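Asks:
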Amino acid sequence: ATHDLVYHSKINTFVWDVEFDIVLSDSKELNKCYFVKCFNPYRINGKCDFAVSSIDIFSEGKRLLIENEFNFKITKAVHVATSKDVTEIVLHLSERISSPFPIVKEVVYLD
Amino acid sequence: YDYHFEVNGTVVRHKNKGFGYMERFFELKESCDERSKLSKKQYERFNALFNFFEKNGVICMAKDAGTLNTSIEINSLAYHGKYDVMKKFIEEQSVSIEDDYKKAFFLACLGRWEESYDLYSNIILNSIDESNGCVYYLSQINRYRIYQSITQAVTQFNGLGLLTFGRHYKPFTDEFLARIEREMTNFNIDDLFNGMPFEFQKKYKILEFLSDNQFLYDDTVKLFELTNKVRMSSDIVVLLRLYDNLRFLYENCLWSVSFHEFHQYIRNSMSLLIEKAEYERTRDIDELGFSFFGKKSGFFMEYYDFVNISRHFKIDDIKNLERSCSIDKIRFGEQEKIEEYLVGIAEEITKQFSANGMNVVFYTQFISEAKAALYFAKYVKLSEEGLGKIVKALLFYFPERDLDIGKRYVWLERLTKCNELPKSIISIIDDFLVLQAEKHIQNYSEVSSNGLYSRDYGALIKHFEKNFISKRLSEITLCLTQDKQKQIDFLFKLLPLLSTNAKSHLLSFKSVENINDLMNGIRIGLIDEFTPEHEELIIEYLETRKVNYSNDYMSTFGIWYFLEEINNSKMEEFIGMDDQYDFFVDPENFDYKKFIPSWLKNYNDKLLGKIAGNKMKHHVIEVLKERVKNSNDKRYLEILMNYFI
Amino acid sequence: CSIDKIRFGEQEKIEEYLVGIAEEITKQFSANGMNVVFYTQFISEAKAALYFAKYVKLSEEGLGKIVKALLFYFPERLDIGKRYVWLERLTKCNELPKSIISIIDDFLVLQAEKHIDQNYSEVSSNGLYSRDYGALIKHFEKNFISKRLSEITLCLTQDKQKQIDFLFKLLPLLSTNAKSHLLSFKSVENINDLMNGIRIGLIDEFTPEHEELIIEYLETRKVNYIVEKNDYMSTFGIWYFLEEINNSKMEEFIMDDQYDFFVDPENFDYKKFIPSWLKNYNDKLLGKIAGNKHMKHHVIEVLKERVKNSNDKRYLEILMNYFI
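Listed in order, the protein sequences are those of chains A, B and C.
So for the first sequence, the numbering used here puts the first residue at 2; every next one is plus one.
So for the second sequence, the numbering used here puts the first residue at 19; every next one is plus one.
So for the third sequence, the numbering used here puts the first residue at 1475; every next one is plus one.
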């Protein structure tokens, strides 16, 4: 299950094809969603300078509108290949890295 | 093997142990009195031989070489992709069997594989006698190849297709498939050459390789000469051999030009050529001088190179070629012909989408070429009319299933690097934005892959024109009400484009109350101005966290303060909880032992430049130096070289 | 890449392979029999093996056999400079023991004996000559004096100039009586003697007469080559930039791109600067260049471009160690 794990050092992230059963803060529960990170250093911007990577959240295949992103309840990790539980590996990899989102599903390089 | 015919048009003697007939032929060609010592029959035969040799570009012997410069010229409508011309030519009644052969090849190139198979069968039936066996043999080969391609299309269209392409989309009927399977139940192509009359085998020996599974191993193996690092050249030899292969395969109307092996060979050849050219340029710069060589790579790129790269390359291969073989220093050649080719591509795309006569078999072949050509057209300077037509075709009539909104924006931004935005292109983009706004009126939402949406088009418009106002969008938002929320959100994403009165009328439909409202509004909408009351709201949030003393909120306000978007002394009262906030607020007193270099991987160009301009500089330089020395990381080295040096 | 940091396994088998290669080289070029066809194939493999052997750890006897085969029985058509480069590479991981020093001394004695006929001159493509060999010994043993060479020094007169020059090039290896006898026959006249003296260590401090020698050589070069429509000029510029010379006349001799770049850095056209020069400078000179202010903000840009474009790891090391 770890053979397909990839480390992308240009944005300090991990590519792993897993599903997150995250629980949004204040009792909101989400089913098997995931994340997608895009790396763009030439985007035209205004006052939102503090960004080179844009992170989108995909739930049930549809983009989730962000209102207050404070989910810190982890997730029952499910490897969609053959339905493995990899939650402990995920929680370890997350504490090991100071990045906001340590695990994504696909990274797009717009350089 | 009595002679060697070199690719530049020269002939040398290799194994001829008898009379040098070819030298005597050249001597007859050069002279005129010596030409006249022959009979009438021999004279006309010599004239025909002279015409053939001049047509095939055999110039002279090696000793008498003079002013040897070679230029390729392919005379096939299928190569240049003039689809309408071949469509018209198919309709006209044929005169001979060669016209039928050409019509069959054109039909195959246009995706009408059933008609092409039927025409090949008809040609096979008619032509069996008696000296035109070449046509019969080539027709057999092409018929087998089309059968193979139909089987493979069926294979990757029953599965990995259907709704995943849009509909079950049975390319051909089941009666045709059954007949095809029955007619080729045990066909073997390996014995096809050996069954021909012995005079055909003796004469047309050179066609035997057409009956083999692989026929390009010699050139692929020879491609190793372009990887030598030891200081005509191999570049010219390889390029001329490639042109020769392409011309032979396209002028004789052979269907092997559409298989994976040929595409792979073309890709390998072109990529290796460009790699060798770039490496030679780098070596010359290293030894000779910084600019004595001129820094201009010697690989001149012409119309045919652009056509080959467009046709035979995927997007990922072009991306690799760009990454490893920097192209901006490679200058393109003939630009008018390239512009005409791109305009033809755009017109064909427009015709295919508008007429709704989508040919599912032809679509798969054509769309990859269209995408590659539009991706590679960044380095070509285009006139106003061609650019307008290309932009219109790309934005409006390009199918959504292959180019979502983000990829379309990427293509458009690429097209504007070497050409910039004139008024007409801005008008076209404004029309596209208006159409999208009308489309948003619902159970509708945009889908993108790279994370770029309609806001970026307006951002680019404002980047190229600071004083642009969309009158149609202003009229759209003036009639807007509070019922349709998504339209208000979409117009918010395009806030700066609207007029002042439209802006004031639009503000009535959304206001900010809490810190969530502030962060969300600045995040997606535009609240660039930081009013004191919004600042007070942030101060309330910070006080709440202070007394209460986990995702990211505080570092955002710290960076905003460091960028002087917020000006107040209360920020110094919130030092201690989040180290990044302290670093961005109080740099002089910050304990750099807590600094982690990974923070430098999340800042854009402007923030990094502003950090480089603040003196904090030396500690960051030390951290980056240590990081580069320990682990050879390319991002850290790039940042340090670009901004801190 | 950096191959020396890659772990190497099965050292004894590689040592046996190299010993076999050396024995075959000895066989093919000693007993008056050289297979002309087989030589073309075998020499390339032998040269590649002896070049690549710098990363492998070797024992005493294998190293001795390899060094003997490389120095003595390897065909000349490997010159002296290439042989020295190969030997220096060999010595990196297998620091010179005494027996290899004895073998090198034997080679030097043979070369000195060869220097009798007044038509024998070492031809080195790179520019490294037999003299450098002696320096290598002095790089590992300060108190080494060649007993055999002293005998040749003592029994020498003023008649044979080539022997005098050759032994002058290898002066430090001789004994006190040998040095006293040799110095009685040779002076520090002209340019080559001055360069050999400063390299060896006779002339600790430059003297005015050597300055006049330099000045007249520059005048002759100016009026003979450029006026009339190579490393010496670069060496003189290096000496001046290190403040070793105290004359302003040489500033009027501005030609050699390197000469212009060194004596007159402010007005030098940096478009003519090539980066390869930066690979031929030692630590102190690079530090001094980093200390200058008219040279830093162009050399740094050249290094930035070289790091961005080239595939060489030396430029990045130079940039990170000294200029930043």
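Quick reminder that beta carbons are idealized off the backbone N, C-alpha and C, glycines included.
Compare the Cα-Cα distances from residue 1/A to each of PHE548/B, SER466/B, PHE508/B and report the closest residue.
Replies: Residue 1/A is absent from the structure shown; chain A starts at 2 and stops at 112.
Asks: Kindly list, in the order they appear in chain B, the residues whose Cβ is closer than 9 Å to that of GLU61/A.
Replies: Neighbours of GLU61/A on chain B: none; closest Cβ ~13 Å, over 9 Å.
Asks: Of all the CB atoms in chain C, is at least one closer than 8 Å to the CB of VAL646/B?
Replies: yes
Asks: So which residues of chain A does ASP422/B contact, with C-beta pairs closer than 9 Å?
Replies: Those within 9 Å of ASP422/B in chain A number zero; the least Cβ separation is about 12 Å.
Asks: Within 8 Å (strictly less), CB to CB, does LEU65/A reach chain B?
Replies: When Cβ-Cβ separations below 8 Å define contact, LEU65/A makes no contact with chain B.
Asks: Using three-state DSSP, classify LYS85/A as helix, strand or coil.
Replies: strand
Asks: Give me the chain C residues within the contact set of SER309/B, using Cβ-Cβ distance strictly less than 7 Å, ordered along the chain.
Replies: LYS1745
Asks: Counting Cβ pairs closer than 8 Å, one from the segment 640-657 of chain B and one from the segment 1497-1514 of chain C, do we hit at least three?
Replies: no
Asks: Have a look at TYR110/A, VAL109/A, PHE71/A, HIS93/A and flag the residue whose alpha-carbon is nearest the alpha-carbon of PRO103/A.
Replies: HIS93/A
Asks: Using beta-carbon positions only, say whether residue 1/A and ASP57/A come within less than 8 Å of one another.
Replies: There is no way to answer for residue 1/A, as the model of chain A reaches only from 2 to 112.
Asks: Give, in chain order, every residue of the segment 586-608 of chain B whose Cβ lies closer than 9 Å to some Cβ of chain C.
Replies: none
Asks: Opposite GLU20/A in the DSSP bridges: which residues?
Replies: Residue pairing by DSSP places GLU20/A opposite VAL79/A in a beta bridge.
Asks: Rounded to whole angstroms, what is the Cα-Cα separation between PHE242/B and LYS294/B?
Replies: Each residue's alpha carbon lies about 11 Å from the other.
Asks: Output needed in chain order: residues of the segment 285-304 of chain B with a Cβ under 8 Å from some Cβ in chain C.
Replies: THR300, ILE303, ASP304
Asks: Mind checking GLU1587/C: buried by the 16 CB within 10 Å criterion, or exposed?
Replies: exposed
Asks: What whole-angstrom Cβ distance do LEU339/B and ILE292/B have, given they're in contact under 8 Å?
Replies: 6 Å
Asks: Buried or exposed for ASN34/B, going by 16 or more other Cβ atoms inside 10 Å?
Replies: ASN34/B counts as exposed, since fewer than 16 other C-beta atoms from the protein chains shown sit within 10 angstroms of its C-beta.
Asks: Give the secondary structure of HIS22/B by DSSP, where H, G and I count as helix, E and B as strand, and everything else as coil.
Replies: strand
Asks: Please name the residues in the segment 41-62 of chain A whose beta-carbon is closer than 9 Å to at least one beta-carbon of chain B, in chain order.
Replies: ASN41, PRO42, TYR43, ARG44, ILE45, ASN46, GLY47, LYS48, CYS49, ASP50, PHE51, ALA52, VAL53, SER54, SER55, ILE56, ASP57
Asks: Excluding the 5 residues flanking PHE548/B on each side, which residues of the same chain have their C-beta closer than 7 Å to its C-beta?
Replies: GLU583, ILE584
Asks: Using a Cβ-Cβ cut-off of 6 Å (strictly less than) and excluding sequence neighbours within five positions of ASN468/B, which residues of its own chain qualify?
Replies: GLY424
Asks: Can you list the residues of chain B that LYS1778/C reaches, using a CB-CB cut of under 7 Å?
Replies: Neighbours of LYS1778/C in chain B, taken as residues at a C-beta separation under 7 Å, are given in chain order as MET659, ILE663.
Asks: Quick check: is the beta carbon of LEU430/B nearer than 8 Å to any beta carbon in chain A?
Replies: no
Asks: Give the residues of chain A in contact with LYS619/B, contact being defined as C-beta atoms less than 7 Å apart.
Replies: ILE12, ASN13
Asks: Count the other CB atoms, across all protein chains shown, that sit within 10 Å of the CB of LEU392/B; report buried if there are 16 or more and exposed otherwise.
Replies: buried
Asks: Would you say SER1599/C lies against chain B (beta-carbon separation less than 8 Å)?
Replies: no
Asks: Which chain B residues are close to residue 145/A, counting only those with a beta carbon under 9 Å from its beta carbon?
Replies: The structure shown has nothing for residue 145/A, since chain A only spans 2 to 112.
Asks: Answer yes or no: do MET1729/C and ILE1700/C have a C-beta to C-beta separation smaller than 8 Å?
Replies: yes
Asks: Taking buried to mean at least 16 other C-beta atoms within 10 Å of its own C-beta, is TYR322/B buried or exposed?
Replies: buried
Asks: Would you say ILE333/B faces chain A, with C-beta separation under 8 Å as the test?
Replies: Closer than 8 Å: no.
Asks: So which residues of chain B does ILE1480/C contact, with C-beta pairs closer than 8 Å?
Replies: Near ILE1480/C there are no residues of chain B at all, since even the closest Cβ is about 15 Å away, more than 8 Å.
Asks: What's the gap between the Cα of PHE205/B and the Cα of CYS152/B?
Replies: A straight-line Cα-Cα distance of about 19 Å links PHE205/B and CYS152/B.
Asks: Take residue 1472/C and list the residues in its own chain whose beta-carbon comes closer than 6 Å to its own, dropping the five residues that flank it on each side.
Replies: Coverage of chain C is limited to positions 1475 through 1798, which leaves residue 1472/C absent and any answer about it impossible.
Asks: Determine the direct distance from the alpha carbon of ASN1698/C to that of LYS1746/C, and round the result to whole angstroms.
Replies: 24 Å
Asks: Around the C-beta of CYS1475/C, are 16 or more other C-beta atoms found within 10 angstroms, so that it is buried, or is it exposed?
Replies: Taking all protein chains shown into account, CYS1475/C has fewer than 16 neighbouring C-beta atoms within 10 Å of its C-beta and is therefore exposed.
Asks: Classify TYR97/B: buried if its beta carbon has 16 or more other beta carbons within 10 angstroms, exposed otherwise.
Replies: buried
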